[PDB]
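Visitor: My questions all concern the structure below.
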There are 2 protein chains.
Amino acid sequence: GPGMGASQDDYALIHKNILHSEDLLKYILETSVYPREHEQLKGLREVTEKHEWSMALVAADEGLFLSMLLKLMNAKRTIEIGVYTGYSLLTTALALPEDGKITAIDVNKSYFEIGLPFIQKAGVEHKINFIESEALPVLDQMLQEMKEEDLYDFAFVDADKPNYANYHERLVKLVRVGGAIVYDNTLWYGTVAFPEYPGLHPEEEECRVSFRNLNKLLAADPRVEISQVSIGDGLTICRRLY
Amino acid sequence: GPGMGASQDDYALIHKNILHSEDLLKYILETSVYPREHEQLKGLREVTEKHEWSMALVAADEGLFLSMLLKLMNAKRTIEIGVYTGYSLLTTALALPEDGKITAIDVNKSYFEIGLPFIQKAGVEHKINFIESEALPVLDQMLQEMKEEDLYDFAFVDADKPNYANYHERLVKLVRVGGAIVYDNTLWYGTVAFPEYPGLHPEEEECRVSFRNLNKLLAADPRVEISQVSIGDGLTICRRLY
Ligand SMILES: Nc1ncnc2c1ncn2[C@@H]1O[C@H](CSCC[C@H](N)C(=O)O)[C@@H](O)[C@H]1O
Ligand SMILES: Nc1ncnc2c1ncn2[C@@H]1O[C@H](CSCC[C@H](N)C(=O)O)[C@@H](O)[C@H]1O
Ligand SMILES: [Mg+2]
Ligand SMILES: [Mg+2]
């Protein structure tokens with residue numbers, strides 16, 4: 001209700017990680033990520049680390065992996081669902097060719113305006129069409145207007161986790177055959193490994209249940225082939241078969 | 001030569017995981033890997049788990065990830081350095097198109113012949129050219145023979161870990177611009193995160209030092225872009241820039 005509102009300090013999982021030690025994660029970041037991180041990504045990460053919802057920020061080592069994937073598959077047109085301050089968005093725009101185009105959807109443009117000066121300084125604002133909306137209505141409108149030639153090469157889904165299964169039903173039609181859909185956080189701090197997990201914030205417990213259901217659904221879905229990857233907070237890559 | 005025993009039972013790190021939870025790794029395998037693992041991959045894995053050198057077997061979740069990379073980048077010609085019983089080789093052969101081609105190099109053909117019946121039942125043996133040799137003389141001969149039009153799309157390096165840096169100097173010339181080189185085990189059970197790590201077999205300590213040196217070298221190498229991925233025992237994806 002009325003008060004000071006939602007704080008990430010109310011959340012039980014903010015200090016969890018899927019790797020064995022903080023020392024290993026820190027080693028990966030210092031050895032293999034920070035020396036390869038664009039200066040504007042560094043700046044955007046450092047301001048977002050001070051933001052009240054910093055727990056949502058995509059991991060920097062995951063960012064370099066998404067960039068690698070985009071280049072290896074020669075992605076040109078992508079969609080991002082869940083922008084926040086724009087780290088994965090800027091990662092994607094930097095990875096695409098000069099003529100690459102991104103459709104970026106988030107309910108809260110004020111987060112995006114935190115990253116926008118870094119995006120602009122990186123010279124890649126022209127690649128981004130930002131839509132301030134709930135993603136589901138936008139995706140449903142796209143299904144009525146987009147033609148086969150307009151299909152996306154790549155989708156990154158990092159928005160409200162309980163809705164991933166709903167996003168999936170749209171994105172297997174909006175991503176081209178052979179294209180990729182990447183769902184972020186599908187290991188949810190390791191909590192998905194347990195049928196019951198004590199002491200979670202109600203929103204954290206909802207996401208544990210939804211990800212346990214989503215992970216089973218994707219593994220059974222004959223429209224895609226999958227790879228769940230233990231990077232960041234876990235992600236699942238889906239490649240559309242038909 | 002004469003010295004101390006170096007069988008798998010002599011190693012210290014065999015049971016150590018880079019993920020913090022045995023339950024989490026089991027969850028990934030049971031939920032997202034086994035339901036998507038080819039029947040002949042399952043059979044090949046089950047035999048290899050009983051083998052004298054089972055610690056060297058590539059992780060099954062890493063297998064699905066390598067398959068996804070191969071499909072997303074439309075790889076057609078690849079090279080594997082380090083075959084063992086052939087799990088990553090069969091993964092690769094199943095991923096490639098019908099007319100794909102793999103050059104597979106290993107010093108020990110008897111290991112490969114353990115997995116060969118599974119590769120044959122999968123119907124993809126025809127894609128594989130197995131070369132029984134140390135890899136370095138083969139790569140040096142390839143440098144003298146390979147034309148630009150025959151450069152490999154993809155290279156998987158999983159053989160003798162101290163030699164990775166030597167393999168790299170050849171493979172950045174044998175893989176096409178924009179092609180990928182994947183080095184396996186670059187987190188080495190997490191021991192790379194520490195300047196000193198007590199309790200290791202001398203060969204385990206040698207790999208810890210070599211990977212710490214390799215991880216710095218790749219992070220600084222202008223010929224490639226990199227992504228180190230905390231999957232399996234860690235891997236580093238390199239994409240050749242020029
Ligand atoms: N229904 C919805 N539709 C679109 N965006 C939503 C949404 N519900 C939540 N979001 C947004 O999804 C974002 C999740 S955080 C995303 C992190 C970002 N991709 C990064 O790289 O760091 C938040 O910004 C939130 O505002
Ligand atoms: N110098 C060398 N040249 C080529 N292969 C070598 C080598 N030294 C060791 N090897 C081989 O490298 C292999 C490493 S284990 C490889 C694992 C396999 N790729 C999998 O998917 O499970 C062993 O089979 C070993 O025989
Ligand atoms: Mg996320
Ligand atoms: Mg290996």
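Just so we're on the same page: first chain in the structure tokens is A, next is B, and so on; residues restart at 1 for each chain, and ligands are numbered from 1 in the order they show up.
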Could you tell me, counting only C-alpha atoms and all ligand atoms, which protein and nucleic acid residues lie no more than 10 Å from ligand 4, written as a PyMOL selection string?
Guide: chain B and resi 55-59+62+82-84+88+156-161+183-186+188+232-235
Visitor: Save the residues we just selected, N, CA, C and O atoms, as a short mmCIF file (atom, residue, chain, number, x, y, z; two decimals), in the first residue's frame?
Guide:
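See result_21.cif below for the written result:
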```cif
data_model
loop_
_atom_site.label_atom_id
_atom_site.label_comp_id
_atom_site.auth_asym_id
_atom_site.auth_seq_id
_atom_site.Cartn_x
_atom_site.Cartn_y
_atom_site.Cartn_z
N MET B 55 36.54 -38.59 -16.20
CA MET B 55 36.60 -37.17 -15.84
C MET B 55 36.75 -36.27 -17.06
O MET B 55 36.39 -35.09 -17.01
N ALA B 56 37.31 -36.80 -18.15
CA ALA B 56 37.55 -36.00 -19.34
C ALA B 56 36.31 -35.84 -20.20
O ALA B 56 36.32 -35.00 -21.11
N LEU B 57 35.25 -36.60 -19.93
CA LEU B 57 34.05 -36.57 -20.76
C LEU B 57 33.37 -35.21 -20.68
O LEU B 57 33.16 -34.67 -19.59
N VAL B 58 33.03 -34.64 -21.84
CA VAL B 58 32.39 -33.33 -21.85
C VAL B 58 31.03 -33.42 -21.17
O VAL B 58 30.34 -34.44 -21.26
N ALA B 59 30.66 -32.36 -20.47
CA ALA B 59 29.39 -32.37 -19.74
C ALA B 59 28.23 -32.35 -20.72
O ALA B 59 28.29 -31.73 -21.79
N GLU B 62 26.82 -28.96 -21.51
CA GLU B 62 27.72 -28.32 -22.46
C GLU B 62 27.53 -28.86 -23.87
O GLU B 62 27.61 -28.11 -24.85
N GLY B 82 40.89 -33.48 -29.70
CA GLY B 82 40.53 -34.17 -28.47
C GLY B 82 39.16 -34.81 -28.61
O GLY B 82 38.13 -34.15 -28.42
N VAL B 83 39.14 -36.10 -28.95
CA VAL B 83 37.91 -36.81 -29.25
C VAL B 83 37.47 -37.69 -28.10
O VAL B 83 36.28 -37.74 -27.77
N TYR B 84 38.41 -38.40 -27.47
CA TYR B 84 38.13 -39.36 -26.39
C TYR B 84 37.13 -40.37 -26.94
O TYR B 84 37.36 -40.92 -28.03
N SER B 88 31.43 -35.15 -27.75
CA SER B 88 31.32 -33.88 -28.46
C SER B 88 31.40 -34.08 -29.97
O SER B 88 30.83 -33.29 -30.73
N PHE B 156 36.70 -27.03 -31.90
CA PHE B 156 36.53 -27.37 -30.49
C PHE B 156 37.84 -27.93 -29.97
O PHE B 156 38.35 -28.93 -30.50
N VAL B 157 38.39 -27.30 -28.94
CA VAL B 157 39.70 -27.65 -28.39
C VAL B 157 39.48 -28.21 -27.00
O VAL B 157 39.05 -27.49 -26.08
N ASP B 158 39.80 -29.50 -26.84
CA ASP B 158 39.46 -30.23 -25.63
C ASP B 158 40.49 -31.32 -25.35
O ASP B 158 40.16 -32.33 -24.72
N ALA B 159 41.72 -31.15 -25.83
CA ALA B 159 42.70 -32.22 -25.77
C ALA B 159 43.63 -32.05 -24.58
O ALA B 159 43.16 -32.08 -23.43
N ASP B 160 44.93 -31.87 -24.81
CA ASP B 160 45.90 -31.74 -23.73
C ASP B 160 45.99 -30.28 -23.32
O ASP B 160 46.52 -29.44 -24.06
N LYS B 161 45.48 -29.98 -22.13
CA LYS B 161 45.20 -28.60 -21.76
C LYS B 161 46.41 -27.67 -21.75
O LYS B 161 46.26 -26.50 -22.14
N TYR B 183 37.50 -23.25 -26.50
CA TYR B 183 38.46 -23.92 -25.63
C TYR B 183 37.71 -24.48 -24.42
O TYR B 183 37.04 -23.73 -23.72
N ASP B 184 37.84 -25.78 -24.20
CA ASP B 184 37.13 -26.41 -23.10
C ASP B 184 37.95 -26.37 -21.82
O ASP B 184 39.18 -26.32 -21.87
N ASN B 185 37.25 -26.38 -20.68
CA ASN B 185 37.83 -26.50 -19.34
C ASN B 185 38.60 -25.26 -18.88
O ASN B 185 39.48 -25.38 -18.02
N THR B 186 38.29 -24.07 -19.39
CA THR B 186 39.08 -22.88 -19.06
C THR B 186 38.83 -22.34 -17.65
O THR B 186 39.50 -21.38 -17.26
N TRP B 188 38.74 -24.81 -15.13
CA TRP B 188 39.48 -25.88 -14.45
C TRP B 188 39.04 -26.07 -13.01
O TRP B 188 39.81 -25.82 -12.07
N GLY B 232 29.56 -26.34 -17.79
CA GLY B 232 30.43 -27.50 -17.69
C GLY B 232 31.58 -27.27 -16.74
O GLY B 232 31.38 -27.07 -15.54
N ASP B 233 32.81 -27.32 -17.25
CA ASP B 233 33.99 -26.91 -16.51
C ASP B 233 34.51 -25.55 -16.98
O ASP B 233 35.69 -25.24 -16.80
N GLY B 234 33.63 -24.74 -17.56
CA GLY B 234 34.06 -23.49 -18.15
C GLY B 234 34.52 -23.70 -19.57
O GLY B 234 35.17 -24.70 -19.89
N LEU B 235 34.15 -22.77 -20.45
CA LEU B 235 34.68 -22.76 -21.80
C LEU B 235 34.82 -21.32 -22.23
O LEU B 235 34.17 -20.42 -21.69
#
```
Visitor: Pairing every Cα of chain B with chain A in order, what RMSD remains after the least-squares superposition?
Guide: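 Across the paired C-alpha atoms, the RMSD reaches 1.2 Å.
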Visitor: Could you tell me, as a PyMOL selection string, which residues of region 20-193 of chain B DSSP assigns to strand (DSSP E) when given the backbone?
Guide: chain B and resi 77-81+101-106+128-132+152-157+175-184
Visitor: Take the residues from that selection and write them out as a CSV table (one decimal), in the first residue's frame, keeping C-alpha atoms.
Guide:
```
chain,number,residue,atom,x,y,z
B,77,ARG,CA,33.0,-27.6,-41.7
B,78,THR,CA,34.6,-28.1,-38.2
B,79,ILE,CA,37.6,-29.5,-36.5
B,80,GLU,CA,37.8,-31.3,-33.1
B,81,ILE,CA,41.0,-31.6,-31.2
B,101,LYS,CA,32.4,-32.4,-42.5
B,102,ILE,CA,34.4,-32.9,-39.3
B,103,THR,CA,38.2,-33.3,-39.0
B,104,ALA,CA,38.6,-35.2,-35.7
B,105,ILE,CA,42.1,-35.5,-34.1
B,106,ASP,CA,43.2,-37.7,-31.2
B,128,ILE,CA,33.9,-37.7,-39.7
B,129,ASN,CA,37.5,-37.9,-40.8
B,130,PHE,CA,39.3,-39.3,-37.8
B,131,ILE,CA,43.1,-38.6,-37.7
B,132,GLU,CA,45.1,-40.7,-35.2
B,152,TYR,CA,36.9,-24.2,-40.8
B,153,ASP,CA,33.8,-22.6,-39.4
B,154,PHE,CA,34.2,-24.0,-35.9
B,155,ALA,CA,37.0,-25.6,-33.8
B,156,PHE,CA,36.5,-27.4,-30.5
B,157,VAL,CA,39.7,-27.7,-28.4
B,175,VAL,CA,39.4,-21.0,-38.8
B,176,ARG,CA,37.6,-18.5,-41.1
B,177,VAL,CA,37.2,-14.8,-40.2
B,178,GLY,CA,34.0,-14.8,-38.1
B,179,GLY,CA,34.4,-18.5,-37.3
B,180,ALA,CA,34.6,-19.8,-33.7
B,181,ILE,CA,37.2,-21.5,-31.6
B,182,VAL,CA,35.9,-23.0,-28.3
B,183,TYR,CA,38.5,-23.9,-25.6
B,184,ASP,CA,37.1,-26.4,-23.1
```
Visitor: Up to 6 Å from chain B, what residues of chain A turn up? Count only C-alpha atoms and give them as JSON, numbers by chain.
Guide: {"A": [18, 19, 20, 24, 27, 32, 64, 65, 72, 73, 193, 219, 227, 230, 231]}
Visitor: Could those selected residues go to a file with N, CA, C and O atoms, as a compact mmCIF listing (two decimals), in the first residue's frame?
Guide:
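File written: out_39.txt
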```txt
# COMPACT_ATOMS: atom_id res chain seq x y z
N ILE A 18 24.67 -18.71 -8.69
CA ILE A 18 24.66 -20.12 -9.07
C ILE A 18 26.06 -20.73 -9.07
O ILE A 18 26.19 -21.96 -9.07
N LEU A 19 27.11 -19.92 -9.07
CA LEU A 19 28.46 -20.47 -9.09
C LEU A 19 28.92 -20.83 -7.68
O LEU A 19 28.34 -20.40 -6.68
N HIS A 20 30.00 -21.61 -7.63
CA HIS A 20 30.47 -22.19 -6.38
C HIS A 20 30.96 -21.12 -5.41
O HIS A 20 30.67 -21.17 -4.21
N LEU A 24 35.27 -17.15 -7.89
CA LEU A 24 35.27 -17.59 -9.28
C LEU A 24 34.54 -16.60 -10.18
O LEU A 24 35.02 -16.26 -11.26
N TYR A 27 36.72 -13.64 -10.61
CA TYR A 27 37.81 -13.96 -11.53
C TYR A 27 37.35 -13.85 -12.98
O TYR A 27 38.04 -13.26 -13.82
N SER A 32 38.11 -11.86 -17.89
CA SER A 32 37.56 -12.08 -19.22
C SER A 32 36.46 -11.12 -19.62
O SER A 32 36.02 -11.17 -20.78
N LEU A 64 28.60 -10.34 -22.50
CA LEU A 64 29.57 -10.69 -23.54
C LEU A 64 29.15 -11.94 -24.28
O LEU A 64 29.45 -12.09 -25.47
N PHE A 65 28.44 -12.86 -23.61
CA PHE A 65 28.01 -14.06 -24.30
C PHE A 65 26.87 -13.77 -25.27
O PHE A 65 26.85 -14.31 -26.39
N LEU A 72 27.84 -14.48 -34.02
CA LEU A 72 28.00 -15.80 -34.64
C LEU A 72 26.81 -16.14 -35.53
O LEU A 72 26.98 -16.74 -36.60
N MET A 73 25.61 -15.75 -35.13
CA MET A 73 24.43 -16.05 -35.94
C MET A 73 24.12 -14.95 -36.95
O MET A 73 23.12 -15.06 -37.67
N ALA A 193 15.86 -25.76 -8.45
CA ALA A 193 16.28 -27.11 -8.13
C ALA A 193 15.51 -27.71 -6.97
O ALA A 193 15.72 -28.89 -6.66
N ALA A 219 11.52 -27.75 -22.50
CA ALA A 219 12.17 -29.02 -22.78
C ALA A 219 11.26 -29.97 -23.55
O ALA A 219 11.75 -30.85 -24.26
N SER A 227 18.94 -25.09 -25.24
CA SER A 227 20.13 -25.28 -24.42
C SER A 227 20.00 -24.37 -23.21
O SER A 227 19.97 -23.15 -23.36
N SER A 230 24.28 -22.37 -17.72
CA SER A 230 24.51 -21.90 -16.34
C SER A 230 25.45 -20.69 -16.30
O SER A 230 26.47 -20.68 -15.62
N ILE A 231 25.09 -19.64 -17.04
CA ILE A 231 25.80 -18.36 -17.01
C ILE A 231 24.86 -17.32 -16.42
O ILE A 231 23.64 -17.39 -16.59
```
Visitor: Taking the chain letters and numbering used in this document, name the residues of region 62-118 of chain A that DSSP puts in alpha helix (DSSP H), as a VMD selection string.
Guide: chain A and resid 62 to 72 87 to 95 109 to 118
Visitor: As an MDAnalysis selection string, please: the residues near residue 137 (chain A) (cut-off 12 Å, only C-alpha atoms, same-chain neighbours under 2 positions excluded).
Guide: chainID A and resid 105:107 131:135 139:144 166:167 170
Visitor: How about saving the chosen residues, N, CA and C atoms kept, as an mmCIF file, in the first residue's frame?
Guide:
```
data_model
loop_
_atom_site.group_PDB
_atom_site.id
_atom_site.type_symbol
_atom_site.label_atom_id
_atom_site.label_comp_id
_atom_site.auth_asym_id
_atom_site.auth_seq_id
_atom_site.Cartn_x
_atom_site.Cartn_y
_atom_site.Cartn_z
ATOM 1 N N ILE A 105 11.228 -3.056 -25.745
ATOM 2 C CA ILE A 105 9.943 -2.886 -25.073
ATOM 3 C C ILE A 105 10.149 -2.927 -23.564
ATOM 4 N N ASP A 106 9.636 -1.910 -22.871
ATOM 5 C CA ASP A 106 9.662 -1.880 -21.413
ATOM 6 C C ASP A 106 8.515 -1.005 -20.928
ATOM 7 N N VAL A 107 7.942 -1.364 -19.774
ATOM 8 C CA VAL A 107 6.841 -0.572 -19.237
ATOM 9 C C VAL A 107 7.310 0.758 -18.673
ATOM 10 N N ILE A 131 9.782 1.143 -27.225
ATOM 11 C CA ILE A 131 8.333 1.206 -27.071
ATOM 12 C C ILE A 131 8.021 1.101 -25.584
ATOM 13 N N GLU A 132 7.390 2.136 -25.033
ATOM 14 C CA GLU A 132 7.003 2.128 -23.622
ATOM 15 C C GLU A 132 5.611 1.526 -23.517
ATOM 16 N N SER A 133 5.549 0.267 -23.100
ATOM 17 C CA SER A 133 4.284 -0.447 -23.027
ATOM 18 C C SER A 133 4.522 -1.762 -22.308
ATOM 19 N N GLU A 134 3.442 -2.338 -21.788
ATOM 20 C CA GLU A 134 3.471 -3.760 -21.478
ATOM 21 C C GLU A 134 3.750 -4.526 -22.762
ATOM 22 N N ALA A 135 4.536 -5.596 -22.650
ATOM 23 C CA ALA A 135 5.032 -6.252 -23.852
ATOM 24 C C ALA A 135 3.941 -7.058 -24.547
ATOM 25 N N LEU A 139 3.295 -7.346 -28.559
ATOM 26 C CA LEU A 139 3.539 -8.583 -29.293
ATOM 27 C C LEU A 139 2.283 -9.048 -30.021
ATOM 28 N N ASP A 140 1.117 -8.897 -29.390
ATOM 29 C CA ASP A 140 -0.126 -9.301 -30.036
ATOM 30 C C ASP A 140 -0.452 -8.417 -31.232
ATOM 31 N N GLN A 141 -0.118 -7.128 -31.158
ATOM 32 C CA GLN A 141 -0.293 -6.262 -32.320
ATOM 33 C C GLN A 141 0.669 -6.646 -33.439
ATOM 34 N N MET A 142 1.910 -6.995 -33.085
ATOM 35 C CA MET A 142 2.886 -7.416 -34.087
ATOM 36 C C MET A 142 2.399 -8.628 -34.864
ATOM 37 N N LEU A 143 1.721 -9.558 -34.185
ATOM 38 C CA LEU A 143 1.232 -10.760 -34.851
ATOM 39 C C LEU A 143 0.180 -10.458 -35.909
ATOM 40 N N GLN A 144 -0.473 -9.298 -35.842
ATOM 41 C CA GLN A 144 -1.466 -8.944 -36.846
ATOM 42 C C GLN A 144 -0.883 -8.148 -38.003
ATOM 43 N N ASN A 166 3.800 -16.946 -21.598
ATOM 44 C CA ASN A 166 2.933 -16.180 -22.486
ATOM 45 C C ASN A 166 3.729 -15.510 -23.596
ATOM 46 N N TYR A 167 4.896 -14.947 -23.267
ATOM 47 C CA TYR A 167 5.752 -14.382 -24.304
ATOM 48 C C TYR A 167 6.161 -15.449 -25.310
ATOM 49 N N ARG A 170 3.939 -16.050 -28.334
ATOM 50 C CA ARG A 170 4.048 -15.042 -29.386
ATOM 51 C C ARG A 170 5.388 -15.119 -30.104
#
```
Visitor: Taking 5 positions as the minimum chain separation for residues in the same chain, which residues sit within 12 Å of residue 201 (chain B) when counting only C-alpha atoms? Answer as a JSON list (two decimals) with N, CA, C and O atoms, in the first residue's frame.
Guide:
```json
[["chain", "number", "residue", "atom", "x", "y", "z"],
["B", 4, "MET", "N", 55.84, -40.36, -11.23],
["B", 4, "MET", "CA", 54.70, -40.70, -10.40],
["B", 4, "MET", "C", 53.47, -41.01, -11.25],
["B", 4, "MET", "O", 53.32, -40.53, -12.38],
["B", 5, "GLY", "N", 52.58, -41.82, -10.68],
["B", 5, "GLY", "CA", 51.38, -42.20, -11.41],
["B", 5, "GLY", "C", 50.51, -40.99, -11.71],
["B", 5, "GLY", "O", 50.41, -40.05, -10.91],
["B", 6, "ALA", "N", 49.87, -41.01, -12.87],
["B", 6, "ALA", "CA", 48.97, -39.94, -13.30],
["B", 6, "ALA", "C", 47.70, -40.53, -13.88],
["B", 6, "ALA", "O", 47.24, -40.14, -14.96],
["B", 7, "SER", "N", 47.12, -41.50, -13.18],
["B", 7, "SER", "CA", 45.79, -41.96, -13.55],
["B", 7, "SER", "C", 44.74, -41.04, -12.93],
["B", 7, "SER", "O", 45.04, -40.19, -12.08],
["B", 8, "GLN", "N", 43.49, -41.21, -13.37],
["B", 8, "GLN", "CA", 42.39, -40.38, -12.88],
["B", 8, "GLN", "C", 42.27, -40.47, -11.36],
["B", 8, "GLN", "O", 41.98, -39.47, -10.70],
["B", 9, "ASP", "N", 42.48, -41.66, -10.80],
["B", 9, "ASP", "CA", 42.37, -41.83, -9.35],
["B", 9, "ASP", "C", 43.43, -41.05, -8.59],
["B", 9, "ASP", "O", 43.25, -40.79, -7.40],
["B", 10, "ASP", "N", 44.53, -40.66, -9.25],
["B", 10, "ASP", "CA", 45.57, -39.86, -8.62],
["B", 10, "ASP", "C", 45.23, -38.38, -8.56],
["B", 10, "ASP", "O", 45.93, -37.63, -7.87],
["B", 11, "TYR", "N", 44.19, -37.93, -9.26],
["B", 11, "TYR", "CA", 43.83, -36.52, -9.28],
["B", 11, "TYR", "C", 42.98, -36.15, -8.07],
["B", 11, "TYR", "O", 42.26, -36.98, -7.52],
["B", 12, "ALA", "N", 43.04, -34.88, -7.69],
["B", 12, "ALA", "CA", 42.28, -34.37, -6.55],
["B", 12, "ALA", "C", 40.94, -33.75, -6.93],
["B", 12, "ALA", "O", 40.01, -33.79, -6.12],
["B", 13, "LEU", "N", 40.81, -33.19, -8.13],
["B", 13, "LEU", "CA", 39.69, -32.32, -8.49],
["B", 13, "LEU", "C", 38.49, -33.06, -9.06],
["B", 13, "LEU", "O", 37.48, -32.41, -9.37],
["B", 14, "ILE", "N", 38.57, -34.38, -9.19],
["B", 14, "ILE", "CA", 37.61, -35.15, -9.99],
["B", 14, "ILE", "C", 36.17, -34.79, -9.64],
["B", 14, "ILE", "O", 35.33, -34.61, -10.53],
["B", 206, "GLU", "N", 49.61, -28.00, -13.11],
["B", 206, "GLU", "CA", 50.10, -27.49, -14.39],
["B", 206, "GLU", "C", 48.97, -26.88, -15.21],
["B", 206, "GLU", "O", 49.15, -25.83, -15.85],
["B", 207, "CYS", "N", 47.79, -27.51, -15.20],
["B", 207, "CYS", "CA", 46.66, -26.98, -15.96],
["B", 207, "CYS", "C", 46.11, -25.71, -15.33],
["B", 207, "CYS", "O", 45.66, -24.81, -16.05],
["B", 208, "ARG", "N", 46.11, -25.62, -14.00],
["B", 208, "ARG", "CA", 45.69, -24.39, -13.33],
["B", 208, "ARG", "C", 46.54, -23.21, -13.80],
["B", 208, "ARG", "O", 46.01, -22.15, -14.15]]
```
Visitor: Compile the contact shell of region 112-118 of chain A as a PDB file with N, CA and C atoms, in the first residue's frame: residues with an atom at most 6 Å away, counting only C-alpha atoms, same-chain residues fewer than 3 positions apart removed.
Guide:
```
ATOM      1  N   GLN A  40      31.217   2.573 -22.606  1.00  0.00           N
ATOM      2  CA  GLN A  40      29.875   3.034 -22.271  1.00  0.00           C
ATOM      3  C   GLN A  40      29.071   1.953 -21.557  1.00  0.00           C
ATOM      4  N   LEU A  44      27.462   2.536 -17.903  1.00  0.00           N
ATOM      5  CA  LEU A  44      26.063   2.222 -17.636  1.00  0.00           C
ATOM      6  C   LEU A  44      25.930   1.220 -16.496  1.00  0.00           C
ATOM      7  N   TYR A  84      15.088  -2.155 -18.771  1.00  0.00           N
ATOM      8  CA  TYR A  84      15.618  -1.584 -17.525  1.00  0.00           C
ATOM      9  C   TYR A  84      16.510  -0.408 -17.924  1.00  0.00           C
ATOM     10  N   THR A  85      17.755  -0.334 -17.452  1.00  0.00           N
ATOM     11  CA  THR A  85      18.606   0.798 -17.800  1.00  0.00           C
ATOM     12  C   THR A  85      19.337   0.608 -19.122  1.00  0.00           C
ATOM     13  N   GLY A  86      19.247  -0.565 -19.741  1.00  0.00           N
ATOM     14  CA  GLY A  86      19.704  -0.743 -21.101  1.00  0.00           C
ATOM     15  C   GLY A  86      21.037  -1.433 -21.302  1.00  0.00           C
ATOM     16  N   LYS A 109       9.914   3.768 -19.114  1.00  0.00           N
ATOM     17  CA  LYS A 109      10.927   4.466 -19.897  1.00  0.00           C
ATOM     18  C   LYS A 109      11.921   5.232 -19.028  1.00  0.00           C
ATOM     19  N   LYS A 121      26.229   8.134 -26.539  1.00  0.00           N
ATOM     20  CA  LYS A 121      27.674   8.314 -26.635  1.00  0.00           C
ATOM     21  C   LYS A 121      28.334   7.169 -27.389  1.00  0.00           C
TER      22      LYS A 121
END
```
Visitor: Here is a test: counting only C-alpha atoms, which residue of B:41, B:54, B:174, B:96 is nearest to residue 146 (chain B)?
Guide: B:174
